[PDB]
Amino acid sequence: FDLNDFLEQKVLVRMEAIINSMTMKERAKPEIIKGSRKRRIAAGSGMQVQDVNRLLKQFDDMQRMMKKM
RNA sequence: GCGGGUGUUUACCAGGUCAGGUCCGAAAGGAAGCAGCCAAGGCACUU
């Protein structure tokens with residue numbers, strides 16, 4: 001379960017836009033997303049880095065909920 | 001070696017285009033621009 005499936009699953013428009021600025025590798029291996037990438041992304045989707053982190057924050061909790069059944 | 005071709009590779013770090021999202025604007029319209037793609041470079045092979 002990567003950022004892709006989570007993509008298929010109105011704050012949504014923004015959560016989609018953020019993921020839509022990532023590369024295929026970033027959507028598949030979310031951990032490789034550190035500072036520099038975050039800035040590229042944040043700016044790429046007209047967002048604030050803090051927002052991106054929120055997005056990553058959610059997907060993480062969402063991820064865990066998966067790895068429990 | 002020069003040129004051509006082919007496979008593959010490359011988040012951002014002044015190439016082009018720019019979905020989605022963003023900014024300015026009441027609006028009409030403007031601005032920037034990630035991913036993709038194209039191009040370009042790399043690693044090889046080839047002619």
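Atoms considered below: every heavy atom in the structure, side chains included; atoms not considered: hydrogens, waters and symmetry mates. Residue numbers start from 1 in every chain, and the chains themselves are labelled A, B, ... in the order their sequence lines are given, proteins ahead of strands.
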For nucleotides [N] and [M], find the distance between their [atom1] atoms and express it as a whole number of Å.
N     : M     : atom1 : value
B:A32 : B:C12 : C1'   : 15 Å
B:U6  : B:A39 : P     : 11 Å
B:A19 : B:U47 : P     : 44 Å
B:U17 : B:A44 : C1'   : 30 Å
B:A35 : B:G7  : P     : 24 Å
B:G5  : B:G30 : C1'   : 45 Å
B:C18 : B:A31 : P     : 11 Å
B:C34 : B:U22 : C1'   : 11 Å

In whole angstroms, how far is the [atom2] atom of [N] from the [atom1] atom of [X]?
X     : N     : atom1 : atom2 : value
A:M15 : B:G20 : CE    : P     : 19 Å
A:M24 : B:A11 : CE    : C1'   : 14 Å
A:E16 : B:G20 : CD    : P     : 10 Å
A:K25 : B:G36 : NZ    : P     : 10 Å
A:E26 : B:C12 : CD    : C1'   : 9 Å
A:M22 : B:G33 : CE    : P     : 21 Å
A:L7  : B:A35 : CG    : P     : 17 Å
A:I32 : B:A35 : CD1   : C1'   : 13 Å

Task: Geometric stacking, B:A19 and B:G20, six-membered rings, under 5.5 angstrom and under 30 degrees - done: yes

Open item on the list: In this structure, do the base rings of B:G33 and B:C34 stack on each other (centres less than 5.5 Å apart, planes differing by less than 30°)?
Closed with: no

Quick one: look up who [N] pairs with, Watson-Crick or G-U, both distances under 3.5 Å, and put none if it's unpaired.
N     : answer
B:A31 : B:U22
B:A44 : B:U6
B:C37 : B:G16

- [ ] Determine: side-chain N/O of A:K38 to OP1/OP2 of B:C12, distance under 4.0 Å, yes or no.
- [x] no

Task: Point-to-point distance, once rounded to the nearest 0.5 Å, from CD1 of A:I18 to CZ of A:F59 - done: 13.5 Å

Task: Separation of A:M65 CE from A:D60 CG (nearest 0.5 Å) - done: 11.0 Å

TODO: State whether the distance check finds a donor on one side and an acceptor on the other, under 3.5 Å, for side chain A:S21 versus base B:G33.
DONE: no

Open item on the list: Applying the side-chain contact (heavy atoms from CB on, under 4.5 Å) criterion to A:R40, which one of A:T23, A:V49, A:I33 satisfies it?
Closed with: A:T23

Task: side-chain contact (heavy atoms from CB on, under 4.5 Å) between A:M62 and A:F1, intermediate numbers included - done: CA-CA 10 Å; A:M62 172 65 89; A:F1 181 69; 3.8 Å; yes

Task: Backbone N/O of A:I19 and side chain of A:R27: donor-acceptor pair under 3.5 Å - done: yes

Open item on the list: I'd like to know if the side chain of A:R37 reaches the main chain of A:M22, judged simply by a donor and an acceptor atom lying under 3.5 Å from each other, with no hydrogens or angles considered.
Closed with: no

Open item on the list: What's A:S36 touching, base or sugar-phosphate or nothing? Going by heavy atoms closer than 4.0 Å.
Closed with: base

- [ ] Give one of base, sugar-phosphate or nothing for A:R27, where a contact means two heavy atoms less than 4.0 Å apart.
- [x] sugar-phosphate

Task: Shortest side-chain distance from A:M47, nucleotide among B:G20, B:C34, B:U22 - done: B:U22

